[PDB]
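Look below for two forms of one protein chain, each set out as structure tokens: first structure 1, then structure 2.
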Structure 1
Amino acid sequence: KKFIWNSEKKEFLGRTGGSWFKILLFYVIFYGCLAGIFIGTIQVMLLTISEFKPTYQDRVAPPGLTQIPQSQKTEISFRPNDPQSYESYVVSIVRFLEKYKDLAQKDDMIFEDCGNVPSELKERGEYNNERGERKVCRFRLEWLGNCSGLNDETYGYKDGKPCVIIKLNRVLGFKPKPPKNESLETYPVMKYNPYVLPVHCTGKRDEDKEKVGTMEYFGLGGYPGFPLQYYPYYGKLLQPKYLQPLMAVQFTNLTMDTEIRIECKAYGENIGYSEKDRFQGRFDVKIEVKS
């Protein structure tokens, strides 16, 4: 009880009142100057990077192939008969596609009409404020064949034919380069638009490939990929409402009550892969329509 409180010199937990005040003042001025120096060094560092260009980007190269709906464990499993077992995927797909609604791309000071067929890279200029805000290539929701949330809100899950909309990772100043047909002897049969970054989904083993069924690719101009007329990206500072190219894959005629792992792969010079990053340029989704 002596250490807790002794009244002789007014010591609480070990030291007097003047002692507590002196150490508190010293620690306040010290920690204040320390945090101030930290903030100052942080600001001096900030004065080196720019508002619309990161000083390093090799850690995002090549980009990754992302899929919507995003799935934990990358598994899209549901009961087609039950409209509740697939509500999660529907919610995610609707939430992501709402940014692409026909009404979202109203104003022309931000959204610019771009060719109905894939064209060359629409270079908007440089990364400065000299040319102010930038134009956005509109993306019609109808370019997705049977999964647009326009005629069938469910997107297919109601009658056992799901849709997984594929997307490319946004990278500032990135120009996708499709492979030249001269080198075309490795990747399977796909449409060849020199302005389209191709994407092709397949199985993974001799069992999943067989039990998959019939792939149905939907995209701008009916090309299985991304049109080159939407790149490069100019960052979130210059193109706040930039809409990135999309693409859908419908797995019609899939083996009921069986889980099948499918791998979609985007080919190209600028697109690499990795045995450790299961999403760098490709991705994996195991689906099971257990009705």
Structure 2
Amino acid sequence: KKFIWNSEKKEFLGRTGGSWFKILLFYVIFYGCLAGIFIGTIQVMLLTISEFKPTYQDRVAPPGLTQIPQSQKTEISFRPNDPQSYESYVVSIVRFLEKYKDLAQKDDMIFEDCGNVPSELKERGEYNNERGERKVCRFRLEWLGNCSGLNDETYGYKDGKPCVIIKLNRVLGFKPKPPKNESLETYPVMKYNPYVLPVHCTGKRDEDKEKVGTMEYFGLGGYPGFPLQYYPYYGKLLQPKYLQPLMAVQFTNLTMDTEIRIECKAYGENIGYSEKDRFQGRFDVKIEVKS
């Protein structure tokens, strides 16, 4: 009963030739109309959104806190001697900072020299297209001392006492608001509370906090945070080649051959947290410099 393939009275795979053409023609017209309808409705959907602003922005309320070595498990395990052991780290650091070189930021028509001191927020009008392409404040690698250097094509980083820079999740129209001068116990921090988003790293328990001896932060003018002169963001369409602020963190006195947990928590009023998302506001890392 399963050899209905053909017969002398015509049938192929189950039906005749003239029937195969009728069904195929119908399905082609039917699916063609379905495709045109889906495309037309998806076009109306495209007409309901603008080019300079996402309609819903509540799902990114607390900005994240990422790092340069996008580790497979937020762990930094390498050998201070073997150059190939830490190649995966350095490669990502050089590629990340490849757009921050002095040669990359050379056009004066799209770049603006903000300043050597963190200042107030820089609002470039409204988010519409009435104004031309906004300017992006420059951020030279020299701001991150001891984690930038004037190295060649390969940034010879720190083998012993590694460097891990932090970055604030780029959000459109987000205006960072650092904590009030009434700081509710934010550990040792500089008095430059009004024009920089503070970020403080620490261990996770009584063990990690003891293993991590000394940490040295690097930022704009020497402040451990992000300057307010670089915010808010005006989208990729209006501000291409934008350079969000960066801030490096070096762990000088570490206990070699020991995996220790570090939690870099960014503080501020407009910075939320989440017990489910360990990246919203805070940031974790598992460093282990095994010799």
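Superpose the two forms; the largest set of C-alphas matching within 1.5 Å is the rigid core. By convention here, residues take numbers in order along the sequence of structure 1, the first being 1.
- In the core-aligned comparison between structure 1 and structure 2, the C-alpha of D152 is the only one from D152, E112, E133, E75 that shifts by 2 Å or more.
- Relative to the superposed core, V91 undergoes a C-alpha shift smaller than 2 Å between structure 1 and structure 2.
- Shown in the overlay between structure 1 and structure 2, fitted on the rigid core, is a CA shift at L121 smaller than 2 Å.
- In the core-superposed comparison between structure 1 and structure 2, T214 has its Cα shifted by less than 2 Å.
- Taking the core as reference, the Cα of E182 moves 2.0 angstrom between structure 1 and structure 2.
- Structural comparison between structure 1 and structure 2 after rigid-core fitting shows the C-alpha of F279 displaced 0.2 Å.
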